[PDB]
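Each remark here refers to the structure printed beneath this line.
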Amino acid sequence: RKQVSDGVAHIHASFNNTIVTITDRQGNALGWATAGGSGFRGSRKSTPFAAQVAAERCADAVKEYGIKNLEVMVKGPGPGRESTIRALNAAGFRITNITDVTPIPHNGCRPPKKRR
Amino acid sequence: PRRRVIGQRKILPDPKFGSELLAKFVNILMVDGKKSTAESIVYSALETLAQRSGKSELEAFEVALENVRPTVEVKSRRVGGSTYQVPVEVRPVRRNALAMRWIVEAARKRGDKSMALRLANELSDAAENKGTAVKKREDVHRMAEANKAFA
Amino acid sequence: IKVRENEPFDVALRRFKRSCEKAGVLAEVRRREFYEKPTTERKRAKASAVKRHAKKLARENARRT
RNA sequence: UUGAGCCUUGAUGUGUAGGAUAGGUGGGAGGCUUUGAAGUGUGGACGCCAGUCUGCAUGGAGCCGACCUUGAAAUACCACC
RNA sequence: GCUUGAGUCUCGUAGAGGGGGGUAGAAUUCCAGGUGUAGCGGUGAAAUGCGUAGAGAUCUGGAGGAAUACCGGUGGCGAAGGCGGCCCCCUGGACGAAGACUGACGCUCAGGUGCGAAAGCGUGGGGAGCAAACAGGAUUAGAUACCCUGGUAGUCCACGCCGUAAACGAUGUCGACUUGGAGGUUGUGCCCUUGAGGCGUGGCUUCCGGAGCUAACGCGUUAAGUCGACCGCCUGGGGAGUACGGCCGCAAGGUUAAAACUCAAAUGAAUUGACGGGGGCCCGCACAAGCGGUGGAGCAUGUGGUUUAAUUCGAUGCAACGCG
RNA sequence: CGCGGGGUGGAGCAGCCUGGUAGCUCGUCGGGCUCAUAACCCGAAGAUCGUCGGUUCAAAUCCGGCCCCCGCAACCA
RNA sequence: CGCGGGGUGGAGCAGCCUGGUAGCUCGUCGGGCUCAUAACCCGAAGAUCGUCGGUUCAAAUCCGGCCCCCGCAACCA
RNA sequence: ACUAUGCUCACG
Ligand SMILES: [K+]
Ligand SMILES: [Mg+2]
Ligand SMILES: [Mg+2]
Ligand SMILES: [Mg+2]
Ligand SMILES: [Mg+2]
Ligand SMILES: [Mg+2]
Ligand SMILES: [Mg+2]
Ligand SMILES: [Mg+2]
Ligand SMILES: [Mg+2]
Ligand SMILES: [Mg+2]
Ligand SMILES: [Mg+2]
Ligand SMILES: [Mg+2]
Ligand SMILES: [Mg+2]
Ligand SMILES: [Mg+2]
Ligand SMILES: [Mg+2]
Ligand SMILES: [Mg+2]
Ligand SMILES: [Mg+2]
Ligand SMILES: [Mg+2]
Ligand SMILES: [Mg+2]
Ligand SMILES: [Mg+2]
Ligand SMILES: [Mg+2]
Ligand SMILES: [Mg+2]
Ligand SMILES: [Mg+2]
Ligand SMILES: [Mg+2]
Ligand SMILES: [Mg+2]
Ligand SMILES: [Mg+2]
Ligand SMILES: [Mg+2]
Ligand SMILES: [Mg+2]
Ligand SMILES: [Mg+2]
Ligand SMILES: [Mg+2]
Ligand SMILES: [Mg+2]
Ligand SMILES: [Mg+2]
Ligand SMILES: [Mg+2]
Ligand SMILES: [Mg+2]
Ligand SMILES: [Mg+2]
Ligand SMILES: [Mg+2]
Ligand SMILES: [Mg+2]
Ligand SMILES: [Mg+2]
Ligand SMILES: [Mg+2]
Ligand SMILES: [Mg+2]
Ligand SMILES: [Mg+2]
Ligand SMILES: [Mg+2]
Ligand SMILES: [Mg+2]
Ligand SMILES: [Mg+2]
Ligand SMILES: [Mg+2]
Ligand SMILES: [Mg+2]
Ligand SMILES: [Mg+2]
Ligand SMILES: [Mg+2]
Ligand SMILES: [Mg+2]
Ligand SMILES: [Mg+2]
Ligand SMILES: [Mg+2]
Ligand SMILES: [Mg+2]
Ligand SMILES: [Mg+2]
Ligand SMILES: [Mg+2]
Ligand SMILES: [Mg+2]
Ligand SMILES: [Mg+2]
Ligand SMILES: [Mg+2]
Ligand SMILES: [Mg+2]
Ligand SMILES: [Mg+2]
Ligand SMILES: [Mg+2]
Ligand SMILES: [Mg+2]
Ligand SMILES: [Mg+2]
Ligand SMILES: [Mg+2]
Ligand SMILES: [Mg+2]
Ligand SMILES: [Mg+2]
Ligand SMILES: [Mg+2]
Ligand SMILES: [Mg+2]
Ligand SMILES: [Mg+2]
Ligand SMILES: [Mg+2]
Ligand SMILES: [Mg+2]
Ligand SMILES: [Mg+2]
Ligand SMILES: [Mg+2]
Ligand SMILES: [Mg+2]
Ligand SMILES: [Mg+2]
Ligand SMILES: [Mg+2]
Ligand SMILES: [Mg+2]
Ligand SMILES: [Mg+2]
Ligand SMILES: [Mg+2]
Ligand SMILES: [Mg+2]
Ligand SMILES: [Mg+2]
Ligand SMILES: [Mg+2]
Ligand SMILES: [Mg+2]
Ligand SMILES: [Mg+2]
Ligand SMILES: [Mg+2]
Ligand SMILES: [Mg+2]
Ligand SMILES: [Mg+2]
Ligand SMILES: [Mg+2]
Ligand SMILES: [Mg+2]
Ligand SMILES: [Mg+2]
Ligand SMILES: [Mg+2]
Ligand SMILES: [Mg+2]
Ligand SMILES: [Mg+2]
Ligand SMILES: [Mg+2]
Ligand SMILES: [Mg+2]
Ligand SMILES: [Mg+2]
Ligand SMILES: [Mg+2]
Ligand SMILES: [Mg+2]
Ligand SMILES: [Mg+2]
Ligand SMILES: [Mg+2]
Ligand SMILES: [Mg+2]
Ligand SMILES: [Mg+2]
Ligand SMILES: [Mg+2]
Ligand SMILES: [Mg+2]
Ligand SMILES: [Mg+2]
Ligand SMILES: [Mg+2]
Ligand SMILES: [Mg+2]
Ligand SMILES: [Mg+2]
Ligand SMILES: [Mg+2]
Ligand SMILES: [Mg+2]
């Protein structure tokens, strides 16, 4: 069933969460995990290890598809990502290349007001 | 101490089992400075332990103390502002001393008859890990494993 | 940004990101920088720069260290 | 692209006893094998990962049913589900 | 008359100066479409909110609006307000080079008149994001706030109004004059461009400092120095930039502008402390790491209280209470 | 005068129209915390239910009178 | 009038068509935490299937009642 | 994270 060779591990690392989502070559979702879906709630959800375990939980649950090697597509800042990529090696993949899709607006939309 | 890094006092070996590990166990078991009463209880306990387990005393006490020994314990540190649970690798000197205290603390409760009987039973239950001392390590692990997020 | 690192290596090493953007998108266009505040916070970051640079010429004091 | 029935055919179905990833029940003791065999090289189907199932062939014509463990006997042949 | 001030032409240089029209890319929201399976979102921590009607994430194709990453600087231009993607259209000024011309044409300006951020206001468009008001969830003794999720006027445009801001170098305009250093920026000379240079001299500009000035802080050839011209303004603090009238505005309100009454101060700069939920560095059973206690009981003692004829008197956060 | 509904610790509310059970939130008293007060934490007390009578084995709760209390009605000429 | 589904700790849930092993989330007490409070995390205290009956190796589970719980849409003395 | 207050006058 399908049995894709390669894929793309999208990582949406915000300050509060780290949503890992392994897709195929043509941006088509195969599975996902989150820091909130791993357990780790509140203060624990915003950490490098809670992203690591989320990537370990996203590493499995895509074994049916059988991805050998993939590309990382980190996004946002977050405490994860400099930790989440370590998890993809230790799990069982080969990282072809690492990239950023951090959406830089070229002074476009007025952001929200500063908080106090 | 704020910036006064000084070493610790030397201890003495116990006459009948010339060593160090159980010599400190006597000190933790002691109350009101009565070492004569406390040392008689530890010998009575380890002699009743060695009869049942079918081993020596040092090795019977070891295969018991290691089963109630903590690997990682949980402190809490406020670095920035908030208060969360940071686990840390316990030091080898405190490692075995923290275990000895949990054996004695469990033996205060669980009122069988004698202190020599209670320690013997606690150390016997520690050998087949099913006492209250192993439960107190087991919970200490669960905090470190659950709150492993924090470095 | 697009970093492959040949084949035998892996170990991240993507200072290409960290020495280019990240801070530009994040701690600037995350929440609103009220037009004047940049003009204020820059001119004090600019005045603090020449304060150090002018002192660095006069830093050669007696010392005795 | 459908939403089911439905027949042919082929497996599938590990409380525990235990050589068995055996559901209930049964025609009743030779099937089959040179209508080119046991063991296996390798890979597929299945998998509660205990161990089933099988394409083709180097090989070469054997393998085996009651017996002993069960509340039950062997998909050796074969009837009905 | 003269030509040094002032102005004209001549050739260039730099610039988010202006006004009008285009067009680009990133992103946000949304729209339908594919994938896909439980969360997403948020927070100090939660909840409201959003999701099994299939959200979030991911990709495909649109639509629309607003704003222009990096270059980008103690950079530039503008009288000030202010002015940043790129391209044409019309257009104002600035500065430099060496001449030629005019021949005091100048400087200030009460009234007058123009321009004048943001917020407002009016009529007609547009409306992604953001967001007064407003709603809900938190917070709290309360929370008409701060935080969170939603969210309308508004922010955008065209055209009129408004005429104010800490519209600030809290420093009116013009001119002359008086030690320095390091730079930034844009010119134009002399020299070998002999190789990213050698050496001057004009604009504008930022920083530090001399004399001098200043209450001091500081200012200091871009003066708060030394002088001249003219203008505006000030005369203790409150009352009050308020009332009343006038003018101006659709209004909001602006502008002009008192008095009674009341106080003996209000104020500026700097000095020594003390304090800070300011910063740095240290310390002590301060905390951590332990261990045994008090607080629960009974009794002893000492206070408070209450009672009494008297319950002598003193000690009362720490540093009074088995204290005198 | 008619008609429903009420009257419960100091306050405001449940429990009341299905008979044996008295809660909640503040406040009060006691102890902590603080230099002290507030806030905060931990204990404690406090109502025989408008009143007088019934019915009943037993009434805050059922029924009747009487005393305050709200809401509704007192209309056509 | 019916044919149908539905029935568990205090309660809201599933699990109940594919007989041998009753989950899961709020009420539950002790911890660890911290000068402390909130949180957050760890483990404990409770139903042999509302209940009674047939068969068969094993029955919440297969089949019949009850107490019921209804979904409804029918219901013309 | 948030976290209030201190009744009057008195140092020639
Ligand atoms: K304006
Ligand atoms: Mg010391
Ligand atoms: Mg500005
Ligand atoms: Mg001339
Ligand atoms: Mg001129
Ligand atoms: Mg040129
Ligand atoms: Mg220009
Ligand atoms: Mg131009
Ligand atoms: Mg222009
Ligand atoms: Mg323009
Ligand atoms: Mg325009
Ligand atoms: Mg675009
Ligand atoms: Mg777009
Ligand atoms: Mg459609
Ligand atoms: Mg759709
Ligand atoms: Mg919730
Ligand atoms: Mg909800
Ligand atoms: Mg849902
Ligand atoms: Mg819905
Ligand atoms: Mg769907
Ligand atoms: Mg979607
Ligand atoms: Mg989406
Ligand atoms: Mg798109
Ligand atoms: Mg478009
Ligand atoms: Mg200029
Ligand atoms: Mg000017
Ligand atoms: Mg034009
Ligand atoms: Mg000009
Ligand atoms: Mg001109
Ligand atoms: Mg000239
Ligand atoms: Mg003349
Ligand atoms: Mg002449
Ligand atoms: Mg004037
Ligand atoms: Mg005037
Ligand atoms: Mg005007
Ligand atoms: Mg204007
Ligand atoms: Mg105008
Ligand atoms: Mg405006
Ligand atoms: Mg308008
Ligand atoms: Mg109107
Ligand atoms: Mg209209
Ligand atoms: Mg809108
Ligand atoms: Mg918003
Ligand atoms: Mg808001
Ligand atoms: Mg409001
Ligand atoms: Mg709501
Ligand atoms: Mg609110
Ligand atoms: Mg509230
Ligand atoms: Mg929003
Ligand atoms: Mg615009
Ligand atoms: Mg326009
Ligand atoms: Mg226009
Ligand atoms: Mg006007
Ligand atoms: Mg004016
Ligand atoms: Mg003014
Ligand atoms: Mg200004
Ligand atoms: Mg300014
Ligand atoms: Mg200056
Ligand atoms: Mg002024
Ligand atoms: Mg003028
Ligand atoms: Mg000039
Ligand atoms: Mg000086
Ligand atoms: Mg002077
Ligand atoms: Mg001076
Ligand atoms: Mg000056
Ligand atoms: Mg000069
Ligand atoms: Mg000069
Ligand atoms: Mg000059
Ligand atoms: Mg001058
Ligand atoms: Mg001057
Ligand atoms: Mg002066
Ligand atoms: Mg005056
Ligand atoms: Mg006055
Ligand atoms: Mg006066
Ligand atoms: Mg006025
Ligand atoms: Mg008028
Ligand atoms: Mg008018
Ligand atoms: Mg108005
Ligand atoms: Mg005036
Ligand atoms: Mg007075
Ligand atoms: Mg003043
Ligand atoms: Mg002062
Ligand atoms: Mg301080
Ligand atoms: Mg300090
Ligand atoms: Mg000491
Ligand atoms: Mg301590
Ligand atoms: Mg202790
Ligand atoms: Mg204690
Ligand atoms: Mg006390
Ligand atoms: Mg006591
Ligand atoms: Mg007491
Ligand atoms: Mg005595
Ligand atoms: Mg007394
Ligand atoms: Mg008396
Ligand atoms: Mg006394
Ligand atoms: Mg006294
Ligand atoms: Mg006294
Ligand atoms: Mg004293
Ligand atoms: Mg009560
Ligand atoms: Mg009290
Ligand atoms: Mg009363
Ligand atoms: Mg009676
Ligand atoms: Mg009663
Ligand atoms: Mg049905
Ligand atoms: Mg302490
Ligand atoms: Mg009828
Ligand atoms: Mg007060
Ligand atoms: Mg005071
Ligand atoms: Mg005072």
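In the structure tokens, chains take letters A, B, ... by order of appearance, with residues numbered from 1 within each chain and ligands from 1 in the order shown.
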At most 12 Å to chain A: residues in chain C, only C-alpha atoms, as a PyMOL selection string: chain C and resi 1-18+20-35+37
Expected selection as a list in words for ligand 40 within 10 Å, only C-alpha atoms (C1' of nucleotides) and all ligand atoms: residues 121, 122, 123 and 250 of chain E
Selected residues written out, N, CA and C atoms (P, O5', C5', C4', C3', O3' and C1' of nucleotides), as a PDB file, in the first residue's frame:
```pdb
ATOM      1  P     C E 121     -15.404  60.552  14.659  1.00  0.00           P
ATOM      2  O5'   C E 121     -15.923  61.826  13.863  1.00  0.00           O
ATOM      3  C5'   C E 121     -16.495  62.933  14.585  1.00  0.00           C
ATOM      4  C4'   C E 121     -16.739  64.101  13.663  1.00  0.00           C
ATOM      5  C3'   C E 121     -17.376  63.778  12.324  1.00  0.00           C
ATOM      6  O3'   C E 121     -18.752  63.442  12.449  1.00  0.00           O
ATOM      7  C1'   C E 121     -15.643  65.341  12.008  1.00  0.00           C
ATOM      8  P     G E 122     -19.402  62.338  11.484  1.00  0.00           P
ATOM      9  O5'   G E 122     -19.521  63.112  10.100  1.00  0.00           O
ATOM     10  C5'   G E 122     -20.349  64.281  10.014  1.00  0.00           C
ATOM     11  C4'   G E 122     -20.291  64.878   8.633  1.00  0.00           C
ATOM     12  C3'   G E 122     -20.494  63.914   7.479  1.00  0.00           C
ATOM     13  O3'   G E 122     -21.862  63.542   7.332  1.00  0.00           O
ATOM     14  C1'   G E 122     -18.706  65.368   6.989  1.00  0.00           C
ATOM     15  P     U E 123     -22.256  62.043   6.907  1.00  0.00           P
ATOM     16  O5'   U E 123     -22.045  62.051   5.329  1.00  0.00           O
ATOM     17  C5'   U E 123     -22.773  62.966   4.491  1.00  0.00           C
ATOM     18  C4'   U E 123     -22.258  62.919   3.071  1.00  0.00           C
ATOM     19  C3'   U E 123     -21.982  61.545   2.480  1.00  0.00           C
ATOM     20  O3'   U E 123     -23.146  60.823   2.095  1.00  0.00           O
ATOM     21  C1'   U E 123     -20.205  62.995   1.944  1.00  0.00           C
ATOM     22  P     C E 250     -18.686  74.900   9.908  1.00  0.00           P
ATOM     23  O5'   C E 250     -19.865  73.866  10.208  1.00  0.00           O
ATOM     24  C5'   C E 250     -20.905  74.126  11.179  1.00  0.00           C
ATOM     25  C4'   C E 250     -21.528  72.834  11.671  1.00  0.00           C
ATOM     26  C3'   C E 250     -21.048  72.349  13.033  1.00  0.00           C
ATOM     27  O3'   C E 250     -21.862  72.880  14.082  1.00  0.00           O
ATOM     28  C1'   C E 250     -20.938  70.567  11.460  1.00  0.00           C
TER      29        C E 250
END
```
At most 8 Å from ligand 55 (only C-alpha atoms (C1' of nucleotides) and all ligand atoms): residue list as a ChimeraX atom specification: /E:164-165,167
Residues near residue 66 in chain B, cut-off 9 Å, only C-alpha atoms (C1' of nucleotides), skip fewer than 2 positions along chain, as number ranges by chain: B: 61-64, 68-70, 96, 99, 126-127
Next, write the just-selected residues to a file, as a CSV table (one decimal), in the first residue's frame, keeping N, CA, C and O atoms as the atom set.
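Listed below is the output, selection.csv:
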```
chain,number,residue,atom,x,y,z
B,61,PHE,N,23.4,-7.5,52.7
B,61,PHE,CA,23.0,-6.0,52.8
B,61,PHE,C,23.2,-5.3,51.5
B,61,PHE,O,22.4,-4.4,51.3
B,62,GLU,N,24.1,-5.7,50.7
B,62,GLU,CA,24.3,-5.1,49.4
B,62,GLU,C,23.2,-5.4,48.4
B,62,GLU,O,22.6,-4.5,47.8
B,63,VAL,N,22.9,-6.7,48.3
B,63,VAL,CA,21.8,-7.2,47.4
B,63,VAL,C,20.5,-6.9,48.2
B,63,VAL,O,19.9,-7.9,48.7
B,64,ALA,N,20.1,-5.7,48.3
B,64,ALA,CA,19.1,-5.2,49.2
B,64,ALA,C,19.1,-3.6,49.2
B,64,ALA,O,18.1,-3.0,48.9
B,68,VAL,N,17.1,-0.6,46.6
B,68,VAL,CA,16.4,0.6,47.1
B,68,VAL,C,17.2,1.9,46.8
B,68,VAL,O,17.0,2.9,47.5
B,69,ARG,N,18.1,1.8,45.9
B,69,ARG,CA,19.1,2.9,45.6
B,69,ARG,C,18.5,3.8,44.5
B,69,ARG,O,18.2,3.3,43.4
B,70,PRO,N,18.5,5.1,44.7
B,70,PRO,CA,18.0,6.0,43.7
B,70,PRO,C,19.1,6.4,42.7
B,70,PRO,O,20.2,6.6,43.0
B,96,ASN,N,24.0,6.1,48.2
B,96,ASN,CA,23.8,5.0,49.1
B,96,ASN,C,23.3,5.4,50.5
B,96,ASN,O,22.6,4.6,51.2
B,99,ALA,N,19.5,5.9,50.3
B,99,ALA,CA,18.9,4.5,50.3
B,99,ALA,C,18.8,4.0,51.8
B,99,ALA,O,17.7,3.4,52.1
B,126,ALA,N,13.4,-6.0,50.5
B,126,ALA,CA,14.3,-5.3,49.6
B,126,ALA,C,15.0,-6.2,48.6
B,126,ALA,O,15.3,-5.8,47.5
B,127,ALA,N,15.4,-7.4,49.1
B,127,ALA,CA,16.0,-8.4,48.2
B,127,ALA,C,15.2,-8.9,47.1
B,127,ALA,O,15.6,-9.0,46.0
```
Within-8 Å residues of ligand 86, basis only C-alpha atoms (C1' of nucleotides) and all ligand atoms, as a count of residues only: 3
d(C1' of residue 59 in chain E, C1' of residue 25 in chain E) in Å: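 Rounded to one decimal, the two atoms are 21.0 Å apart.
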Who sits within 10 Å of residue 121 in chain B, only C-alpha atoms (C1' of nucleotides), same chain under 6 positions skipped, as number ranges by chain: B: 45, 48-49, 52, 107, 110, 112, 115, 127, 131
Nearby residues, ligand 5, 12 Å, only C-alpha atoms (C1' of nucleotides) and all ligand atoms, as a list in words: residues 5, 6, 7, 8, 94, 95 and 203 of chain E
Put those residues in a file: C-alpha atoms (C1' of nucleotides), as a PDB file, in the first residue's frame.
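The result, stored in out.pdb:
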```
ATOM      1  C1'   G E   5      25.311  91.625   1.043  1.00  0.00           C
ATOM      2  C1'   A E   6      21.401  90.053  -1.938  1.00  0.00           C
ATOM      3  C1'   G E   7      19.527  88.002  -6.623  1.00  0.00           C
ATOM      4  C1'   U E   8      20.022  86.150 -12.103  1.00  0.00           C
ATOM      5  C1'   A E  94      19.852  72.445  -2.234  1.00  0.00           C
ATOM      6  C1'   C E  95      24.938  72.381  -3.142  1.00  0.00           C
ATOM      7  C1'   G E 203      27.831  72.490   1.776  1.00  0.00           C
TER       8        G E 203
END
```
Cut-off 12 Å, only C-alpha atoms (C1' of nucleotides) and all ligand atoms, neighbours of ligand 44 as a PyMOL selection string: (chain A and resi 112-116) or (chain E and resi 130-135+145-151)
Nearby residues, ligand 27, 8 Å, only C-alpha atoms (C1' of nucleotides) and all ligand atoms, as an NGL selection string: :E and (20-21 or 89-90)
Need to verify the contact set: range 1-11 of chain H, 9 Å, only C-alpha atoms (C1' of nucleotides), exclusion of same-chain residues closer than 3 positions in sequence. Can you return it as a PDB file with N, CA, C and O atoms (P, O5', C5', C4', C3', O3' and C1' of nucleotides), in the first residue's frame?
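Listed below is the output, result.pdb:
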```pdb
ATOM      1  N   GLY B  81      12.341  32.752  36.812  1.00  0.00           N
ATOM      2  CA  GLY B  81      11.185  33.190  37.602  1.00  0.00           C
ATOM      3  C   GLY B  81      10.306  32.074  38.152  1.00  0.00           C
ATOM      4  O   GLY B  81      10.027  32.035  39.353  1.00  0.00           O
ATOM      5  N   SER B  82       9.876  31.167  37.274  1.00  0.00           N
ATOM      6  CA  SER B  82       8.903  30.118  37.621  1.00  0.00           C
ATOM      7  C   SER B  82       9.514  28.952  38.411  1.00  0.00           C
ATOM      8  O   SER B  82      10.735  28.839  38.511  1.00  0.00           O
TER       9      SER B  82
ATOM     10  P     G E  44       2.579  34.082  30.032  1.00  0.00           P
ATOM     11  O5'   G E  44       2.867  33.109  31.258  1.00  0.00           O
ATOM     12  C5'   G E  44       4.212  32.857  31.704  1.00  0.00           C
ATOM     13  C4'   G E  44       4.198  32.123  33.023  1.00  0.00           C
ATOM     14  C3'   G E  44       3.322  30.880  33.087  1.00  0.00           C
ATOM     15  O3'   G E  44       4.017  29.746  32.573  1.00  0.00           O
ATOM     16  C1'   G E  44       2.966  32.229  35.013  1.00  0.00           C
ATOM     17  P     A E  45       3.245  28.655  31.687  1.00  0.00           P
ATOM     18  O5'   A E  45       2.058  28.195  32.648  1.00  0.00           O
ATOM     19  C5'   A E  45       2.310  27.279  33.733  1.00  0.00           C
ATOM     20  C4'   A E  45       1.057  27.022  34.537  1.00  0.00           C
ATOM     21  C3'   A E  45      -0.190  26.644  33.747  1.00  0.00           C
ATOM     22  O3'   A E  45      -0.181  25.268  33.388  1.00  0.00           O
ATOM     23  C1'   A E  45      -0.739  28.266  35.381  1.00  0.00           C
ATOM     24  P     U E 139      -8.405  32.377  38.160  1.00  0.00           P
ATOM     25  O5'   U E 139      -7.580  33.714  38.422  1.00  0.00           O
ATOM     26  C5'   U E 139      -6.207  33.815  38.002  1.00  0.00           C
ATOM     27  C4'   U E 139      -5.694  35.226  38.156  1.00  0.00           C
ATOM     28  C3'   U E 139      -6.032  35.935  39.456  1.00  0.00           C
ATOM     29  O3'   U E 139      -5.151  35.510  40.492  1.00  0.00           O
ATOM     30  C1'   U E 139      -6.470  37.384  37.644  1.00  0.00           C
ATOM     31  P     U E 140      -5.735  34.951  41.880  1.00  0.00           P
ATOM     32  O5'   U E 140      -6.207  36.272  42.632  1.00  0.00           O
ATOM     33  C5'   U E 140      -5.368  37.439  42.694  1.00  0.00           C
ATOM     34  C4'   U E 140      -6.181  38.653  43.073  1.00  0.00           C
ATOM     35  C3'   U E 140      -7.240  38.447  44.146  1.00  0.00           C
ATOM     36  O3'   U E 140      -6.662  38.460  45.450  1.00  0.00           O
ATOM     37  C1'   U E 140      -8.186  39.634  42.335  1.00  0.00           C
ATOM     38  P     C E 146      -6.843  45.431  29.749  1.00  0.00           P
ATOM     39  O5'   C E 146      -5.358  45.111  30.232  1.00  0.00           O
ATOM     40  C5'   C E 146      -4.342  46.133  30.281  1.00  0.00           C
ATOM     41  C4'   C E 146      -3.175  45.693  31.137  1.00  0.00           C
ATOM     42  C3'   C E 146      -2.624  44.301  30.876  1.00  0.00           C
ATOM     43  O3'   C E 146      -1.735  44.273  29.761  1.00  0.00           O
ATOM     44  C1'   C E 146      -2.861  44.645  33.213  1.00  0.00           C
TER      45        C E 146
ATOM     46  P     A F  36       3.498  41.884  63.935  1.00  0.00           P
ATOM     47  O5'   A F  36       2.195  42.759  63.664  1.00  0.00           O
ATOM     48  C5'   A F  36       1.621  43.546  64.724  1.00  0.00           C
ATOM     49  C4'   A F  36       0.942  44.775  64.169  1.00  0.00           C
ATOM     50  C3'   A F  36      -0.304  44.530  63.328  1.00  0.00           C
ATOM     51  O3'   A F  36      -1.442  44.268  64.142  1.00  0.00           O
ATOM     52  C1'   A F  36       1.070  46.142  62.273  1.00  0.00           C
ATOM     53  P     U F  37      -2.510  43.155  63.703  1.00  0.00           P
ATOM     54  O5'   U F  37      -3.337  43.886  62.556  1.00  0.00           O
ATOM     55  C5'   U F  37      -4.277  44.922  62.886  1.00  0.00           C
ATOM     56  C4'   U F  37      -4.802  45.603  61.643  1.00  0.00           C
ATOM     57  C3'   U F  37      -5.473  44.730  60.596  1.00  0.00           C
ATOM     58  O3'   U F  37      -6.781  44.275  60.940  1.00  0.00           O
ATOM     59  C1'   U F  37      -4.087  46.314  59.527  1.00  0.00           C
ATOM     60  P     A F  38      -7.356  42.902  60.314  1.00  0.00           P
ATOM     61  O5'   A F  38      -7.325  43.169  58.741  1.00  0.00           O
ATOM     62  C5'   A F  38      -8.372  43.928  58.098  1.00  0.00           C
ATOM     63  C4'   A F  38      -8.043  44.209  56.647  1.00  0.00           C
ATOM     64  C3'   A F  38      -8.155  43.035  55.684  1.00  0.00           C
ATOM     65  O3'   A F  38      -9.505  42.714  55.348  1.00  0.00           O
ATOM     66  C1'   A F  38      -6.191  44.264  55.207  1.00  0.00           C
ATOM     67  P     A F  39     -10.012  41.182  55.347  1.00  0.00           P
ATOM     68  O5'   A F  39      -9.198  40.526  54.150  1.00  0.00           O
ATOM     69  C5'   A F  39      -9.542  40.823  52.789  1.00  0.00           C
ATOM     70  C4'   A F  39      -8.417  40.422  51.871  1.00  0.00           C
ATOM     71  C3'   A F  39      -8.113  38.931  51.804  1.00  0.00           C
ATOM     72  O3'   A F  39      -9.039  38.202  51.001  1.00  0.00           O
ATOM     73  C1'   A F  39      -6.093  40.115  52.046  1.00  0.00           C
TER      74        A F  39
END
```
Those in chain B with helix (DSSP H, G or I) from DSSP, as a PyMOL selection string: chain B and resi 21-29+35-53+58-68+92-108+115-127+133-146
Chain B residues near chain E (10 Å cut-off, only C-alpha atoms (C1' of nucleotides)) as an mmCIF file with N, CA, C and O atoms, in the first residue's frame:
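Listing of result.cif after writing:
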```cif
data_model
loop_
_atom_site.group_PDB
_atom_site.id
_atom_site.type_symbol
_atom_site.label_atom_id
_atom_site.label_comp_id
_atom_site.auth_asym_id
_atom_site.auth_seq_id
_atom_site.Cartn_x
_atom_site.Cartn_y
_atom_site.Cartn_z
ATOM 1 N N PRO B 1 27.009 26.396 54.071
ATOM 2 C CA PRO B 1 28.227 27.094 53.691
ATOM 3 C C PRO B 1 28.091 27.808 52.351
ATOM 4 O O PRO B 1 27.567 27.236 51.393
ATOM 5 N N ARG B 2 28.583 29.042 52.298
ATOM 6 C CA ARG B 2 28.416 29.905 51.136
ATOM 7 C C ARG B 2 29.589 29.739 50.174
ATOM 8 O O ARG B 2 29.388 29.534 48.975
ATOM 9 N N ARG B 3 30.806 29.828 50.712
ATOM 10 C CA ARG B 3 32.038 29.606 49.944
ATOM 11 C C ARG B 3 33.096 28.929 50.829
ATOM 12 O O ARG B 3 34.278 29.280 50.788
ATOM 13 N N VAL B 31 19.220 6.548 67.579
ATOM 14 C CA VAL B 31 18.405 7.626 68.151
ATOM 15 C C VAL B 31 18.957 7.979 69.539
ATOM 16 O O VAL B 31 19.361 7.087 70.291
ATOM 17 N N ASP B 32 19.002 9.277 69.850
ATOM 18 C CA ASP B 32 19.470 9.795 71.153
ATOM 19 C C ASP B 32 20.929 9.436 71.516
ATOM 20 O O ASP B 32 21.283 9.367 72.696
ATOM 21 N N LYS B 75 14.987 17.745 42.392
ATOM 22 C CA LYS B 75 15.086 19.059 43.029
ATOM 23 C C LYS B 75 14.118 19.994 42.289
ATOM 24 O O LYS B 75 13.486 19.572 41.316
ATOM 25 N N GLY B 81 12.341 32.752 36.812
ATOM 26 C CA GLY B 81 11.185 33.190 37.602
ATOM 27 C C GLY B 81 10.306 32.074 38.152
ATOM 28 O O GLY B 81 10.027 32.035 39.353
ATOM 29 N N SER B 82 9.876 31.167 37.274
ATOM 30 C CA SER B 82 8.903 30.118 37.621
ATOM 31 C C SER B 82 9.514 28.952 38.411
ATOM 32 O O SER B 82 10.735 28.839 38.511
ATOM 33 N N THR B 83 8.645 28.094 38.956
ATOM 34 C CA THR B 83 9.040 26.936 39.780
ATOM 35 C C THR B 83 8.603 25.604 39.157
ATOM 36 O O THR B 83 7.417 25.260 39.192
#
```
Å distance separating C1' of residue 301 in chain E from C1' of residue 320 in chain E, one decimal place: 15.9 Å
